[PDB]
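> Input target-v9.cif, format and content: mmCIF, C-alpha atoms and all ligand atoms.
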data_work
loop_
_atom_site.label_atom_id
_atom_site.label_comp_id
_atom_site.auth_asym_id
_atom_site.auth_seq_id
_atom_site.Cartn_x
_atom_site.Cartn_y
_atom_site.Cartn_z
CA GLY A 1 -137.28 -28.65 48.78
CA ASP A 2 -139.40 -25.95 50.40
CA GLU A 3 -136.32 -24.43 52.19
CA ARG A 4 -134.56 -23.85 48.86
CA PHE A 5 -137.59 -22.63 46.92
CA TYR A 6 -138.41 -20.05 49.59
CA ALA A 7 -134.85 -18.91 50.08
CA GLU A 8 -133.90 -18.76 46.37
CA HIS A 9 -137.24 -17.95 44.67
CA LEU A 10 -140.21 -16.86 46.72
CA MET A 11 -138.57 -14.55 49.23
CA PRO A 12 -136.27 -12.71 46.74
CA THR A 13 -139.36 -12.15 44.51
CA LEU A 14 -141.44 -10.76 47.30
CA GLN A 15 -138.52 -8.51 48.23
CA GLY A 16 -138.08 -7.36 44.63
CA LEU A 17 -141.75 -6.48 44.42
CA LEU A 18 -142.60 -4.97 47.83
CA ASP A 19 -141.06 -2.49 50.22
CA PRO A 20 -140.40 -4.23 53.58
CA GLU A 21 -143.37 -2.74 55.44
CA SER A 22 -145.80 -3.89 52.72
CA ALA A 23 -144.16 -7.28 52.60
CA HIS A 24 -144.59 -7.56 56.43
CA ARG A 25 -148.26 -6.62 56.24
CA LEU A 26 -148.80 -9.29 53.58
CA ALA A 27 -146.97 -11.78 55.68
CA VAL A 28 -149.14 -11.07 58.73
CA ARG A 29 -152.25 -11.47 56.53
CA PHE A 30 -151.08 -14.76 54.99
CA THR A 31 -150.03 -16.15 58.33
CA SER A 32 -153.33 -15.09 60.00
CA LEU A 33 -155.19 -17.15 57.26
CA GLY A 34 -152.94 -20.12 57.61
CA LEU A 35 -151.53 -19.87 54.01
CA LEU A 36 -148.25 -21.47 54.88
CA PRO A 37 -146.59 -24.73 54.27
CA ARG A 38 -148.20 -26.57 57.36
CA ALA A 39 -144.80 -27.65 58.72
CA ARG A 40 -143.90 -31.33 58.36
CA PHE A 41 -141.15 -31.50 61.09
CA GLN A 42 -142.73 -33.24 64.20
CA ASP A 43 -141.15 -31.89 67.40
CA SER A 44 -139.27 -34.62 69.20
CA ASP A 45 -139.25 -35.00 72.92
CA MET A 46 -135.57 -33.79 73.07
CA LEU A 47 -136.82 -30.26 72.20
CA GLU A 48 -139.23 -29.89 75.13
CA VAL A 49 -138.38 -27.39 77.77
CA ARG A 50 -139.96 -26.66 81.14
CA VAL A 51 -139.48 -23.14 82.32
CA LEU A 52 -141.50 -20.01 83.48
CA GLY A 53 -144.28 -22.24 84.92
CA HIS A 54 -144.88 -23.83 81.57
CA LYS A 55 -144.11 -26.62 79.13
CA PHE A 56 -142.71 -25.58 75.77
CA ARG A 57 -142.98 -28.22 73.03
CA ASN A 58 -139.90 -26.71 71.29
CA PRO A 59 -137.65 -23.80 72.32
CA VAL A 60 -138.06 -21.72 69.12
CA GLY A 61 -140.38 -18.74 69.38
CA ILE A 62 -141.39 -15.83 67.25
CA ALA A 63 -139.89 -12.59 68.58
CA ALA A 64 -141.93 -9.50 69.39
CA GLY A 65 -142.58 -7.20 66.51
CA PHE A 66 -143.82 -9.60 63.85
CA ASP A 67 -147.42 -9.81 65.35
CA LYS A 68 -147.64 -6.48 67.06
CA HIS A 69 -151.33 -6.59 67.55
CA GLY A 70 -152.17 -10.23 68.11
CA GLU A 71 -153.63 -10.99 64.65
CA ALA A 72 -151.62 -14.03 63.62
CA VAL A 73 -151.13 -16.14 66.81
CA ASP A 74 -152.64 -19.29 65.52
CA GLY A 75 -150.89 -19.10 62.14
CA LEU A 76 -147.60 -18.74 64.00
CA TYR A 77 -148.17 -21.98 65.88
CA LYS A 78 -148.98 -23.57 62.51
CA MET A 79 -145.62 -22.37 61.30
CA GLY A 80 -144.03 -24.52 64.00
CA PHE A 81 -143.08 -22.02 66.67
CA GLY A 82 -143.06 -23.45 70.22
CA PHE A 83 -144.29 -20.23 71.64
CA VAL A 84 -145.58 -16.95 70.38
CA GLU A 85 -144.96 -13.39 71.68
CA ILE A 86 -147.15 -10.56 70.53
CA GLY A 87 -146.49 -6.83 70.86
CA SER A 88 -145.20 -4.45 71.79
CA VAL A 89 -148.72 -3.14 72.79
CA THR A 90 -149.11 0.37 74.05
CA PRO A 91 -152.01 1.54 76.29
CA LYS A 92 -153.62 3.86 73.75
CA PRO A 93 -153.53 3.25 70.01
CA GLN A 94 -150.79 5.08 68.20
CA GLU A 95 -149.50 5.33 64.67
CA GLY A 96 -145.77 5.14 65.20
CA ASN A 97 -143.28 6.98 62.94
CA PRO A 98 -143.70 8.25 59.34
CA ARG A 99 -142.93 5.97 56.47
CA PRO A 100 -140.48 4.65 55.35
CA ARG A 101 -139.51 3.22 58.75
CA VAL A 102 -138.07 -0.19 57.96
CA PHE A 103 -135.17 -1.05 55.69
CA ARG A 104 -133.58 -4.26 54.36
CA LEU A 105 -129.77 -4.77 54.31
CA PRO A 106 -129.71 -7.91 52.19
CA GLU A 107 -125.84 -7.97 51.82
CA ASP A 108 -125.77 -8.18 55.66
CA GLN A 109 -128.77 -10.41 56.21
CA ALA A 110 -129.99 -7.62 58.44
CA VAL A 111 -132.88 -5.11 58.92
CA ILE A 112 -133.03 -1.64 60.35
CA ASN A 113 -136.38 -0.48 61.81
CA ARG A 114 -137.69 2.66 63.43
CA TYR A 115 -141.40 1.77 63.72
CA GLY A 116 -141.79 3.65 67.07
CA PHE A 117 -144.45 1.36 68.64
CA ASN A 118 -147.17 1.38 66.02
CA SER A 119 -149.91 -0.20 68.08
CA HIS A 120 -153.65 -0.93 67.95
CA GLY A 121 -153.63 -0.37 71.74
CA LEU A 122 -154.62 -2.41 74.80
CA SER A 123 -158.37 -2.43 74.27
CA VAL A 124 -158.23 -3.71 70.74
CA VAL A 125 -155.74 -6.36 71.54
CA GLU A 126 -157.63 -7.39 74.76
CA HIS A 127 -160.72 -8.09 72.70
CA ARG A 128 -158.77 -9.98 70.03
CA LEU A 129 -157.15 -12.24 72.62
CA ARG A 130 -160.42 -12.77 74.52
CA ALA A 131 -162.06 -14.05 71.28
CA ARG A 132 -159.60 -17.03 71.37
CA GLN A 133 -158.87 -17.21 75.16
CA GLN A 134 -159.95 -20.79 75.62
CA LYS A 135 -158.35 -21.97 72.34
CA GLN A 136 -155.15 -20.49 73.95
CA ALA A 137 -155.73 -22.13 77.22
CA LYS A 138 -155.74 -25.49 75.40
CA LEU A 139 -152.62 -24.56 73.35
CA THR A 140 -150.76 -23.55 76.57
CA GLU A 141 -151.71 -26.88 78.24
CA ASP A 142 -150.47 -28.74 75.11
CA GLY A 143 -147.00 -27.00 75.33
CA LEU A 144 -147.61 -23.89 73.16
CA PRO A 145 -147.59 -20.78 75.42
CA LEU A 146 -148.32 -17.13 74.67
CA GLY A 147 -146.31 -14.08 75.72
CA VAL A 148 -147.47 -10.47 75.62
CA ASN A 149 -144.88 -7.67 75.25
CA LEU A 150 -145.79 -4.27 76.72
CA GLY A 151 -144.67 -0.83 75.64
CA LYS A 152 -145.25 2.83 76.50
CA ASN A 153 -147.05 5.49 74.52
CA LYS A 154 -144.98 8.31 72.99
CA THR A 155 -146.79 11.15 74.91
CA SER A 156 -147.24 9.27 78.20
CA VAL A 157 -146.40 11.36 81.27
CA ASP A 158 -145.70 8.38 83.57
CA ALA A 159 -144.04 5.33 82.07
CA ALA A 160 -144.64 3.02 84.99
CA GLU A 161 -148.36 3.68 84.82
CA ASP A 162 -148.37 2.71 81.10
CA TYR A 163 -146.77 -0.61 82.00
CA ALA A 164 -149.10 -1.14 84.98
CA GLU A 165 -152.12 -0.59 82.69
CA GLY A 166 -150.73 -3.29 80.36
CA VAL A 167 -150.32 -5.72 83.24
CA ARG A 168 -153.89 -5.15 84.38
CA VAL A 169 -155.43 -5.39 80.85
CA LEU A 170 -153.35 -8.10 79.17
CA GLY A 171 -151.78 -9.90 82.04
CA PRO A 172 -154.76 -12.09 82.54
CA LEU A 173 -154.54 -13.26 78.94
CA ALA A 174 -150.80 -14.05 78.88
CA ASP A 175 -148.62 -16.85 80.05
CA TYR A 176 -145.79 -14.28 80.38
CA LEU A 177 -145.51 -10.62 80.14
CA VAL A 178 -142.53 -8.63 78.83
CA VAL A 179 -141.61 -5.18 80.13
CA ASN A 180 -139.97 -3.77 77.07
CA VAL A 181 -137.56 -1.14 78.23
CA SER A 182 -135.16 -1.51 75.27
CA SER A 183 -136.71 -0.18 72.09
CA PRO A 184 -134.28 2.25 70.51
CA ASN A 185 -137.17 4.07 68.83
CA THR A 186 -139.02 5.74 71.74
CA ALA A 187 -137.21 8.75 73.23
CA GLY A 188 -136.07 8.13 76.80
CA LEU A 189 -137.23 4.53 76.97
CA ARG A 190 -133.84 2.92 77.33
CA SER A 191 -133.13 5.08 80.41
CA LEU A 192 -135.66 2.90 82.18
CA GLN A 193 -132.98 0.19 82.23
CA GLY A 194 -131.04 2.33 84.75
CA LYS A 195 -130.91 0.87 88.24
CA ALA A 196 -133.19 3.26 90.18
CA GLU A 197 -135.71 3.67 87.29
CA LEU A 198 -135.86 -0.02 86.67
CA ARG A 199 -136.31 -0.85 90.38
CA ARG A 200 -139.21 1.65 90.71
CA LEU A 201 -140.83 0.46 87.46
CA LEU A 202 -140.52 -3.25 88.13
CA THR A 203 -141.68 -2.96 91.80
CA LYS A 204 -144.89 -1.36 90.40
CA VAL A 205 -145.23 -3.95 87.66
CA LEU A 206 -144.77 -6.87 90.03
CA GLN A 207 -147.25 -5.44 92.58
CA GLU A 208 -149.84 -5.17 89.77
CA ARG A 209 -149.12 -8.66 88.56
CA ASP A 210 -149.30 -10.15 92.04
CA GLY A 211 -152.81 -8.56 92.36
CA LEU A 212 -154.19 -10.78 89.59
CA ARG A 213 -156.05 -13.88 90.39
CA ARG A 214 -153.92 -17.02 90.50
CA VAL A 215 -154.92 -18.67 87.22
CA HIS A 216 -154.49 -15.28 85.49
CA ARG A 217 -151.13 -14.44 86.98
CA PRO A 218 -148.34 -14.39 84.32
CA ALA A 219 -144.56 -14.60 84.70
CA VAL A 220 -142.91 -11.19 84.21
CA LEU A 221 -139.71 -10.80 82.08
CA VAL A 222 -137.69 -7.75 81.27
CA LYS A 223 -136.37 -7.21 77.71
CA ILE A 224 -132.98 -5.59 77.52
CA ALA A 225 -130.77 -3.96 74.97
CA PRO A 226 -127.51 -5.34 73.38
CA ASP A 227 -125.78 -1.92 73.93
CA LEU A 228 -125.58 -1.82 77.74
CA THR A 229 -122.46 -0.97 79.62
CA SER A 230 -120.99 -3.40 82.08
CA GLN A 231 -122.34 -1.27 84.95
CA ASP A 232 -125.78 -1.31 83.39
CA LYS A 233 -125.72 -5.11 83.16
CA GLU A 234 -124.54 -5.55 86.71
CA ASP A 235 -127.25 -3.18 87.90
CA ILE A 236 -129.95 -5.09 85.98
CA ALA A 237 -128.87 -8.38 87.43
CA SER A 238 -128.90 -6.93 90.94
CA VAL A 239 -132.44 -5.59 90.51
CA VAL A 240 -133.72 -8.82 88.95
CA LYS A 241 -132.45 -10.72 92.01
CA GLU A 242 -133.63 -8.19 94.56
CA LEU A 243 -137.23 -8.25 93.15
CA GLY A 244 -137.57 -11.85 91.95
CA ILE A 245 -138.16 -10.98 88.24
CA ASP A 246 -139.03 -14.19 86.54
CA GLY A 247 -136.80 -13.87 83.48
CA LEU A 248 -134.96 -11.83 80.91
CA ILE A 249 -135.30 -11.41 77.17
CA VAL A 250 -131.78 -10.77 75.68
CA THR A 251 -131.73 -8.81 73.33
CA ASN A 252 -133.59 -6.13 71.51
CA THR A 253 -132.12 -4.50 68.36
CA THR A 254 -128.80 -2.57 68.46
CA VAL A 255 -128.22 1.12 67.87
CA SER A 256 -124.64 0.16 66.99
CA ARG A 257 -123.45 -0.23 63.42
CA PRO A 258 -120.81 -2.95 63.52
CA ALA A 259 -117.92 -2.52 61.35
CA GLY A 260 -118.33 -4.27 58.02
CA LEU A 261 -121.91 -3.58 57.15
CA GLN A 262 -122.34 -3.45 53.37
CA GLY A 263 -125.98 -2.53 52.89
CA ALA A 264 -126.64 0.78 51.21
CA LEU A 265 -129.13 1.60 53.99
CA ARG A 266 -126.71 1.01 56.92
CA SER A 267 -126.78 4.59 58.11
CA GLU A 268 -130.56 4.81 58.45
CA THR A 269 -131.65 5.60 62.03
CA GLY A 270 -133.18 2.69 64.04
CA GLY A 271 -132.45 -0.65 65.59
CA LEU A 272 -130.43 -3.21 63.67
CA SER A 273 -131.44 -6.91 63.66
CA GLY A 274 -130.28 -10.06 62.00
CA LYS A 275 -126.85 -11.57 61.42
CA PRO A 276 -124.76 -8.53 62.56
CA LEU A 277 -126.50 -8.61 65.95
CA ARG A 278 -126.06 -12.34 66.52
CA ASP A 279 -122.86 -12.56 68.52
CA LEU A 280 -123.37 -9.30 70.38
CA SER A 281 -126.63 -10.84 71.63
CA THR A 282 -125.03 -14.21 72.45
CA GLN A 283 -122.42 -12.43 74.47
CA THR A 284 -125.02 -10.51 76.35
CA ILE A 285 -126.83 -13.69 77.20
CA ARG A 286 -123.57 -15.22 78.40
CA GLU A 287 -122.88 -12.22 80.71
CA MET A 288 -126.39 -12.07 82.06
CA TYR A 289 -126.47 -15.82 82.83
CA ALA A 290 -123.24 -15.51 84.80
CA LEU A 291 -124.40 -12.42 86.66
CA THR A 292 -127.60 -14.13 87.70
CA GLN A 293 -125.88 -17.43 88.60
CA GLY A 294 -127.83 -19.35 86.13
CA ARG A 295 -130.97 -19.07 88.27
CA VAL A 296 -132.93 -16.59 86.03
CA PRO A 297 -134.39 -17.95 82.83
CA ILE A 298 -133.25 -16.21 79.65
CA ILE A 299 -135.00 -16.08 76.30
CA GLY A 300 -132.26 -15.50 73.78
CA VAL A 301 -132.86 -13.47 70.64
CA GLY A 302 -130.87 -11.70 67.91
CA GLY A 303 -129.60 -13.10 64.64
CA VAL A 304 -130.84 -16.73 64.95
CA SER A 305 -131.19 -18.32 61.50
CA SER A 306 -129.85 -21.84 62.10
CA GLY A 307 -129.67 -24.59 64.56
CA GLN A 308 -126.05 -23.70 65.34
CA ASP A 309 -127.10 -20.16 66.16
CA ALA A 310 -129.85 -21.44 68.46
CA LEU A 311 -127.55 -23.89 70.23
CA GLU A 312 -124.90 -21.21 70.75
CA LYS A 313 -127.40 -19.13 72.62
CA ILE A 314 -128.70 -22.12 74.61
CA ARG A 315 -125.14 -23.09 75.61
CA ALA A 316 -124.51 -19.48 76.59
CA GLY A 317 -127.47 -19.59 78.97
CA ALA A 318 -130.77 -19.30 77.06
CA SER A 319 -133.59 -21.62 77.98
CA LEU A 320 -135.57 -20.60 74.92
CA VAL A 321 -134.74 -18.69 71.70
CA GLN A 322 -136.65 -16.42 69.45
CA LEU A 323 -136.26 -15.18 65.83
CA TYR A 324 -137.77 -12.53 63.53
CA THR A 325 -135.42 -11.19 60.88
CA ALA A 326 -134.48 -14.66 59.53
CA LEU A 327 -138.07 -14.83 58.22
CA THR A 328 -137.54 -11.92 55.91
CA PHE A 329 -134.79 -13.62 54.18
CA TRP A 330 -135.60 -17.37 54.40
CA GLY A 331 -139.36 -17.35 55.00
CA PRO A 332 -141.40 -19.86 57.02
CA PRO A 333 -139.27 -22.93 56.26
CA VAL A 334 -136.51 -21.46 58.44
CA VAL A 335 -138.49 -22.49 61.56
CA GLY A 336 -138.31 -26.26 60.80
CA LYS A 337 -134.77 -25.82 59.59
CA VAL A 338 -133.66 -24.36 62.96
CA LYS A 339 -135.42 -27.10 64.89
CA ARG A 340 -134.11 -30.01 62.75
CA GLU A 341 -130.55 -28.66 62.89
CA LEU A 342 -130.76 -28.03 66.63
CA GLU A 343 -131.91 -31.57 67.33
CA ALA A 344 -129.03 -32.97 65.13
CA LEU A 345 -126.44 -30.85 66.95
CA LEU A 346 -127.75 -31.75 70.39
CA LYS A 347 -127.30 -35.44 69.45
CA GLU A 348 -123.80 -34.83 68.05
CA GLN A 349 -122.69 -32.98 71.14
CA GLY A 350 -124.00 -35.66 73.55
CA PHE A 351 -126.87 -33.79 75.09
CA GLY A 352 -129.99 -35.77 75.97
CA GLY A 353 -132.13 -32.75 75.15
CA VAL A 354 -132.27 -28.98 75.18
CA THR A 355 -132.52 -28.85 78.91
CA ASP A 356 -129.09 -30.47 79.31
CA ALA A 357 -127.46 -27.85 77.00
CA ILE A 358 -128.75 -24.74 78.84
CA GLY A 359 -125.67 -22.90 80.14
CA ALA A 360 -123.38 -25.81 79.15
CA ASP A 361 -120.54 -23.38 78.19
CA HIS A 362 -120.35 -22.14 81.79
CA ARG A 363 -119.74 -25.70 83.13
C1 LIG B 401 -139.39 -4.76 62.35
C2 LIG B 401 -139.14 -5.07 63.78
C3 LIG B 401 -139.98 -4.69 64.77
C4 LIG B 401 -139.81 -4.97 66.07
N1 LIG B 401 -140.60 -4.56 67.05
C5 LIG B 401 -140.48 -4.97 68.34
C6 LIG B 401 -141.30 -4.73 69.46
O1 LIG B 401 -142.49 -4.09 69.16
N2 LIG B 401 -141.07 -5.06 70.66
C7 LIG B 401 -139.83 -5.72 71.03
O2 LIG B 401 -139.72 -6.00 72.18
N3 LIG B 401 -139.06 -6.02 70.05
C8 LIG B 401 -139.20 -5.70 68.80
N4 LIG B 401 -138.37 -6.03 67.81
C9 LIG B 401 -137.11 -6.76 68.23
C10 LIG B 401 -137.23 -8.24 68.02
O3 LIG B 401 -138.15 -8.80 68.90
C11 LIG B 401 -135.85 -8.90 68.31
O4 LIG B 401 -135.51 -8.59 69.68
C12 LIG B 401 -134.74 -8.38 67.35
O5 LIG B 401 -135.15 -8.08 66.06
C13 LIG B 401 -133.58 -9.43 67.27
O6 LIG B 401 -134.02 -10.68 66.69
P1 LIG B 401 -133.80 -11.00 65.17
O7 LIG B 401 -132.37 -10.69 64.79
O8 LIG B 401 -134.13 -12.48 65.07
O9 LIG B 401 -134.82 -10.17 64.38
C14 LIG B 401 -138.57 -5.74 66.47
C15 LIG B 401 -137.77 -6.13 65.41
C16 LIG B 401 -137.95 -5.84 64.10
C17 LIG B 401 -137.00 -6.36 63.06
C1 LIG B 402 -147.65 -13.31 47.82
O1 LIG B 402 -147.25 -13.69 49.16
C2 LIG B 402 -147.09 -15.08 49.50
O2 LIG B 402 -147.24 -15.95 48.64
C3 LIG B 402 -146.66 -15.43 50.85
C4 LIG B 402 -146.40 -14.40 51.57
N1 LIG B 402 -146.17 -13.45 52.22
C5 LIG B 402 -146.62 -16.74 51.19
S1 LIG B 402 -147.06 -18.09 50.16
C6 LIG B 402 -146.89 -19.31 51.42
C7 LIG B 402 -146.17 -18.56 52.54
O3 LIG B 402 -145.71 -19.18 53.52
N2 LIG B 402 -146.15 -17.20 52.37
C8 LIG B 402 -145.57 -16.45 53.45
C9 LIG B 402 -146.28 -16.35 54.67
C10 LIG B 402 -145.63 -15.63 55.69
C11 LIG B 402 -144.32 -15.09 55.51
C12 LIG B 402 -143.66 -15.18 54.32
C13 LIG B 402 -144.29 -15.92 53.29
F1 LIG B 402 -143.69 -16.11 52.11
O1 LIG B 403 -141.65 -0.38 67.40
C1 LIG B 403 -140.39 -0.32 67.22
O2 LIG B 403 -139.75 0.59 66.66
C2 LIG B 403 -139.51 -1.45 67.83
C3 LIG B 403 -139.69 -1.65 69.13
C4 LIG B 403 -138.63 -2.49 69.82
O3 LIG B 403 -138.71 -2.85 71.00
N1 LIG B 403 -137.54 -2.82 69.06
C5 LIG B 403 -137.36 -2.43 67.82
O4 LIG B 403 -136.38 -2.71 67.11
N2 LIG B 403 -138.35 -1.72 67.12
#
Represent the structure of the file as structure tokens.
Ligand SMILES: Cc1cc2nc3c(=O)[nH]c(=O)nc-3n(C[C@H](O)[C@H](O)[C@H](O)COP(=O)(O)O)c2cc1C
Ligand SMILES: COC(=O)/C(C#N)=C1\SCC(=O)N1c1ccccc1F
Ligand SMILES: O=C(O)c1cc(=O)[nH]c(=O)[nH]1

Amino acid sequence: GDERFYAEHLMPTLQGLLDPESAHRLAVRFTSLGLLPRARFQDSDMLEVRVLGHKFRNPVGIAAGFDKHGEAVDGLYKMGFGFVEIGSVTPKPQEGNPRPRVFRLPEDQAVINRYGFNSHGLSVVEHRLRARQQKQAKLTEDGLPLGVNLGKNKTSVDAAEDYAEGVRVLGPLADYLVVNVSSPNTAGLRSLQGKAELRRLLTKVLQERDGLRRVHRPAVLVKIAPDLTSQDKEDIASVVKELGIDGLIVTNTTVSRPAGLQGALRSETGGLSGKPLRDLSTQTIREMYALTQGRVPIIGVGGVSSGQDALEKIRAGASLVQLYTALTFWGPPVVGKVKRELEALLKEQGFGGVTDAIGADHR
């Protein structure tokens, strides 16, 4: 009922009336106030996952970017996400790029963005999270954890120090932290995925994390691009093993423009998300799982809009999945839709639960 009305009526109307940045701001506001269908799907036990030091009631999370500044956390749980990731947050506030900076490709079920880390900054977000810190502590205990994704300011003269500052300020408020070294929209950032740069950066990040007190000590994940060479992937895996990085987020948006895109806006500069990214991301997950011998948890992201897409990533090696762009097209009912379909497919394929399907294609 709801899935059809949103997909066929509400979302096309919002899109017809509002440019995508305005529509996103409205969405953040509505979600922050809880103006959502409170989701009727009740998570079954087959969807629970234990990973990263935590219980996850379901494996479907909201990807970084939708709640950049931590304004809508509780609304996102209400929407039925198993986990929420906020950010990217940068140390100092910054505006990001000039508008327009986000573009719909509806013929492709895709988006292109070049926000450039618009961020309220660490201090603002610190105080927003602290206002609900114990409400989160209870949510985390009940199987609903919180991730915090860290970025770098545009004019920073020392990237590693930007990340270290994020660890110190928001680490104590997060169940996991993400070192985002894969935005395509900050000059030079993606060079931090290079072996020597990444080793130096992550050694500093881990030292800062390990300095936090035990109950305030988050897991640390690295978020990587879908456009890496084979050498780059191998190098990342090696570093993740050498340093004991807790996990990987696979993938960010692509700077590629796959053949076949139809949208008028396909040649706009920025990272591409949604359906055209899906299988490039799945493949990246598959490679990274193999390279790390299945011993490094992966959160899989890029083009998930169905239960089949979720399960493909899980079977490829993801322990958890995230989505963003599917919301622009299908709206909030897509969350329940993914979960219901995933549970149905797990049963059909003879898995006892999600946990049994992680990496199943490799076996
Ligand atoms: C508008 C927009 C903004 C985003 N901003 C961030 C970000 O601040 N940090 C980050 O790590 N990823 C960011 N992402 C990437 C998403 O987290 C995700 O990796 C990507 O969009 C693929 O998932 P999807 O196809 O489900 O949207 C952003 C994506 C979009 C569409
Ligand atoms: C005029 O805008 C709305 O009616 C929205 C929005 N945005 C509504 S009504 C119920 C609902 O869920 N949303 C919504 C919330 C977040 C994302 C997309 C949405 F359509
Ligand atoms: O702020 C952005 O431009 C953003 C950051 C990121 O990591 N990924 C992305 O697609 N956009």
> Residues within 6 Å of ligand LIG 402 (chain B), counting only C-alpha atoms and all ligand atoms: report them as number ranges by chain.
A: 26-27, 30-31, 35-37, 331-332
> Rounded to one decimal, what separation in Å do you get between CA of residue 334 in chain A and CA of residue 100 in chain A?
26.6 Å
> Excluding residue 322 in chain A and its own-chain neighbours fewer than 5 positions away, which residues fall within 10 Å of it when counting all atoms listed in the file? Please give them as a list in words.
residues 59, 60, 61, 62, 63, 64, 81, 82, 83, 84, 85, 249, 250, 251, 299, 300, 301, 302, 303, 304, 305 and 310 of chain A
> Pick out the residues sitting within 9 Å of residue 205 in chain A, and hand them over as a list in words; count all atoms listed in the file, and ignore anything fewer than 5 positions along from it in its own chain.
residues 160, 161, 163, 164, 167, 179, 200, 210 and 220 of chain A
> Compare A:283, A:254, A:325, A:58 by their minimum atom-to-atom distance to ligand LIG 401 (chain B), counting all atoms listed in the file, and give me the closest one.
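Using all atoms listed in the file, the shortest distance to ligand LIG 401 (chain B) belongs to A:325.
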> Step by step, measure atom-to-atom distances between ligand LIG 401 (chain B) and each residue using all atoms listed in the file, keep those at most 7 Å, then write them as a PyMOL selection string.
chain A and resi 63-66+68+87-88+102+111-113+115+117+149+180+183+223+251-253+273-275+277-278+301-304+322-326
> Taking all atoms listed in the file into account, name the residue in A:244, A:214, A:106, A:51 that is nearest to residue 298 in chain A.
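Closest to residue 298 in chain A, using all atoms listed in the file: A:51.
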> What is the distance between CA of residue 25 in chain A and CA of residue 70 in chain A, in Å to one decimal?
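So the two atoms, CA of residue 25 in chain A and CA of residue 70 in chain A, lie 13.0 Å apart.
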> Every residue with an atom at most 12 Å from (-120.6, -13.5, 81.7) (file coordinates; only C-alpha atoms) is what I'm after, so could you write them as an NGL selection string?
:A and (230 or 233-234 or 237 or 282-294 or 316-317 or 359 or 361-362)
